[PDB]
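# Structural description and commentary
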Amino acid sequence: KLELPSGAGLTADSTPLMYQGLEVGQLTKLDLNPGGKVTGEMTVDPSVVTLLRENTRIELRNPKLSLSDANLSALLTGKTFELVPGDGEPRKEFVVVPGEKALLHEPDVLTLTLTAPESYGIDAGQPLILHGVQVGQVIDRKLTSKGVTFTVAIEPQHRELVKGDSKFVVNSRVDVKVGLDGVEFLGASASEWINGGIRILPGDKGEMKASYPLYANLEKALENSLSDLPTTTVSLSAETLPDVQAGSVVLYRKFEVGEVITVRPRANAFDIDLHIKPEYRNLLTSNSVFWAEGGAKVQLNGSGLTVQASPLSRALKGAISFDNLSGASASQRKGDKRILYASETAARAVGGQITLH
Amino acid sequence: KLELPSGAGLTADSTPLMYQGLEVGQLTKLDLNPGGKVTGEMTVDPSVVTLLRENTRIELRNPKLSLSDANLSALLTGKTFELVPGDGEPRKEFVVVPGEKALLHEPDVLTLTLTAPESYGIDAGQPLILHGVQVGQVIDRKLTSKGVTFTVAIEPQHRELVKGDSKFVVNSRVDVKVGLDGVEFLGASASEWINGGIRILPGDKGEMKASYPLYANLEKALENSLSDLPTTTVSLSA
């Protein structure tokens, strides 16, 4: 006896049970029980009755379009029951599921509910890719009020390899960043783009938690930034600086680590929010002063005219530097927070304050 | 008894009534009543007569082209009546609508007339997208003297999620802005461009007003600028 999903392409005496490509059984009855429950039953070969066991699954195969092998026999038959055996106690009734849901009902499977703020163009049947090779499959996609929650499955052979710590990257969208020295193509290959799906960045050791986030691209998984707006580490004030609206780099001893994420104008002085990396927050303390500069500063000193070997951020939107020093505590004792100075020498002006008349 | 839109691919004794993929009924009569009114009638299985109720809809399915499942049985049958049940008082006559208009006649549906200054290349059957997933469908497009007025529908499952305040963004046009530090692709993805349609930017709380505007791209919905020319705040002389 079978519990069919829907008797769509199934025939009362003409749908076979394939096993190793050979016809084993025959769907001999097809009913519509009340409640919208299509059930049928099947006569199998007595040689194969030993194979019908507890872990044995019967799933229907679609007449899928083969671009490599143009066969008319596959298109003429239609729907087809495929037998895959298992082990255990011999049973005599089965539950058939559709083609996309079939991976969930393997005897071993790894099912993960992974959340996302958007579908990102991921369909229900996209492949799931580790190291270029397909290791699993997305099963279904359900939209909630918070966002999109996917349900993915991992095949039993690859089950050992994810090891509970992993990152999940979308492969459904292309992304091109252009620059003079920075040229990169993120998110896909053209053959991978038409398949699409979710990429695993596998880790070393974990506990396999229930829910995972789905990162939008590759660098947001390495930054561990599921949200679009990063955490504001330090807040500044500045009267008039042409530096940046958002996206210049935080310099340290003229070196590019950090980012300016939020400014707001005010009638007197800006309010500026900075991002620095979590491995990197030890490099600044209470005794730290901030100063900003804007654009290509061509020095005239002697013969040299040195153009700023700059990130192209600074060429468009002027960067911000900082450094630690000795007596920067007294500048922070006054005022609510640090102040972003307009020049390097103005930020160095610390110490005892005299008055000339 | 059925009130058919037009007896185009329908056959006097060969058009079936599918339910759960199984043949239930059979279109047994097909007439052209005067006034240009095609009506027919159907003999259904007595097991399924309990399912024919007030909210029960009967709509015809086109033999749609399946790229994933190349089946010859779907192309050989043609038009096909699909039964979707409902609840209520048992009725014995129905009204069949075409395939695009079928979403309006669900027992619960959210129908919005949204205006636009241009069609923006939106066809009558484009999908309607929230958060990447299709939540509804455009029904029909009517051109007026002021502009284009669309009529969209939202499925009952997603009806709770729009919450009366939303923005409606076209996905039918691509837009590329180039710059040294500003590089962005607006309006579509290449898979979303061939589907096209209207994107929802959902809000928190509202009253679900009758008419909405259709913004041309994403930033004009965030700027809340339906018109091309913004308001002149201050005037100067130089």
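By the method listed in its record, cryo-EM, this PDB entry was determined to a resolution of 3.46 Å.

Once that is clear, we can look at the overall build of chain B. Along its length, chain B carries four helices and 16 strands. Each principal axis of the C-alpha distribution contributes one length, and for chain B these read about 85 × 40 × 35 Å. Out of the 238 residues belonging to chain B, those deemed buried represent 34%. Relative to all contacts within chain B whose residues are 6 or more apart in sequence, the contacts with residues 24 or more apart total 65%. Looking at chain B as shown, the accessible area adds up to about 13900 Å², and 53% of this sits on carbon and sulfur atoms. Taking the 23 positively charged and 31 negatively charged side chains of chain B as two groups, their mean positions are separated by 4 Å.

Here the focus is the overall build of chain A. Helix and strand counts for chain A stand at seven helices and 23 strands. Its C-alpha atoms give chain A a radius of gyration of 31 Å, more than 25% over the compact-globule value 21 Å for 357 residues. Residues counted as buried form 34% of the 357 residues belonging to chain A. Restricting the contact set of chain A to residue pairs at least 6 apart, pairs at least 24 apart contribute 66%.

Let's shift gears to the sheet that holds strand β16 (residues 211-213) of chain A. Think of a sheet as strands paired side by side through backbone hydrogen bonds, with each pair either parallel or antiparallel. All names here are of chain A. Spatially, seven strands are ordered β12-β15-β9-β10-β11-β8-β16 in an open sheet, and the strand pairing comes out mixed. A single partner strand is all that each edge strand has here, and the edge strands are β12 (166-170) and β16. Each strand axis lies, on average, 35 degrees off the axis of its neighbour in the sheet, ignoring direction. Of the pairings in the sheet, the one linking strand β10 (residues 133-143) to strand β11 (residues 148-154) comprises seven bridges and is antiparallel in character. Bridging from a neighbouring strand, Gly136 pairs with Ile154 of β11.

Overall, the coordinates contain 17 salt bridges over all chains when judged by the stated rule. A salt bridge links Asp271 of chain A to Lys337 of chain A; its shortest N-O distance comes to 2.5 Å. Within this pair, whereas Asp271 of chain A is found in strand β20 (residues 270-275), its partner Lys337 of chain A is found in the loop between α6 (329-333) and β23 (340-341), the two being separated by 66 residues in sequence. Owing to a relative accessible area of 22%, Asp271 of chain A belongs among the partly exposed residues under this scheme. We note a salt bridge from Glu59 of chain B to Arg61 of chain B, for which the minimum N-O separation is 2.9 Å. When salt bridges with common partners are traced through the structure, they connect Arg253, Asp323, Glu344 and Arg348 of chain A into a single cluster.

What follows covers the side chain of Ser225 of chain B. All names here are of chain B. Locating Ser225 in the fold gives a position in the segment after α4 (218-222). Note on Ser225: relative accessible area 16%, which makes it buried. Non-local contacts of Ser225, meaning those with residues more than four positions away in its chain, are made with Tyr215 and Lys220.

With that settled, the discussion passes to the domain arrangement of chain B. Residue and element names in this part refer to chain B. The domains assigned to chain B are domain 1 (1-107) and domain 2 (108-229). Distance between the C-alpha centres of domain 1 and domain 2: 32 Å. A combined buried area of about 770 Å² lies between domain 1 and domain 2, and 62% of that area is made up of carbon and sulfur atoms. Among the residues of domain 1 in contact with domain 2, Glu100, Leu103 and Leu104 are the three that bury the most area, contributing 68% of the side total. Along the contact surface separating domain 1 from domain 2 lie zero salt bridges. Summed over the shared surface of domain 1 and domain 2, the number is two residue pairs in polar contact. In the side of domain 1 that touches domain 2, the residues fall into three nonpolar, no polar and three charged.

Judged by nonpolar contacts, the single largest core of 47 residues is most densely connected at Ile198 and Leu214 of chain A together with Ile198 and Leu214 of chain B. Filtering out sequence-adjacent residues up to four positions away, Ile198 of chain A remains in contact with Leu114, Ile122, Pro127, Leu128, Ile129, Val138, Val152, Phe168, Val169, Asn171 and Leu214 of chain A. Among the nonpolar cores identified, the runner-up in size contains 19 residues, and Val260, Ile272, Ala292 and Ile320 of chain A belong to it.

Next up on the list: the domain arrangement of chain A. Domain boundaries in chain A define domain 1 (1-107), domain 2 (108-229) and domain 3 (230-350). With centres defined by C-alpha atoms, the gap from domain 2 of chain A to domain 3 of chain A works out at 36 Å.

There is a patch of nonpolar side chains on the surface, built from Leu72 and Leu76 of chain A together with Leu65, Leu72, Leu75 and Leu76 of chain B and spanning about 720 Å² of accessible area. If you list the elements that add at least two residues to the nonpolar patch, you get α1 (72-77) of chain A together with α1 (72-77) of chain B. Per element, the largest residue contribution to the nonpolar patch is three residues, and it comes from α1 of chain B. Mapped onto the elements, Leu75 of chain B comes out in helix α1.

Calculation notes
- Residues numbered from 1 in each chain as written, not as in the entry; some residues may be left out.
- Chains lettered and ligands numbered in written order.
- Part of a larger assembly, values for the part shown.
- Heavy atoms only, no water.
- Helix = DSSP H or I, 4+ residues; strand = E, 2+ residues; numbered from the N terminus.
- Buried < 20%, exposed > 50% of the residue type's maximum accessible area, 1.4 Å probe, protein only.
- Contact = heavy atoms within 4.5 Å.
- Areas by Shrake-Rupley, 256 points an atom, 1.4 Å probe, with all protein chains shown as cover.
- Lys, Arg positive; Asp, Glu negative; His and termini not counted.
- Charge placed at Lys NZ, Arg CZ, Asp CG, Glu CD.
- Rg over C-alpha atoms; globule rule 2.2 N^0.38 Å.
- Pairing = 2+ DSSP bridges.
- Axes fitted to C-alpha atoms, helices over the stretch in contact; angles between N-to-C directions.
- Salt bridge = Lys/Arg side-chain N within 4 Å of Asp/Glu carboxyl O.
- Domains from an automatic or database assignment.
- Buried area = accessible area lost by both parts, 1.4 Å probe.
- Polar contact = N/O pair within 3.5 Å; in protein donor to acceptor, adjacent residues only side chain to side chain.
- Nonpolar A, V, L, I, M, F, W, Y, C, P; charged D, E, K, R; others polar.
- Core = buried A, V, L, I, M, F, W, Y, C linked by side-chain atoms within 4.5 Å.
- Patch = residues over 30% accessible without salt bridge, like charges linked within 9 Å, V, L, I, M, F, W, Y side chains within 5 Å.

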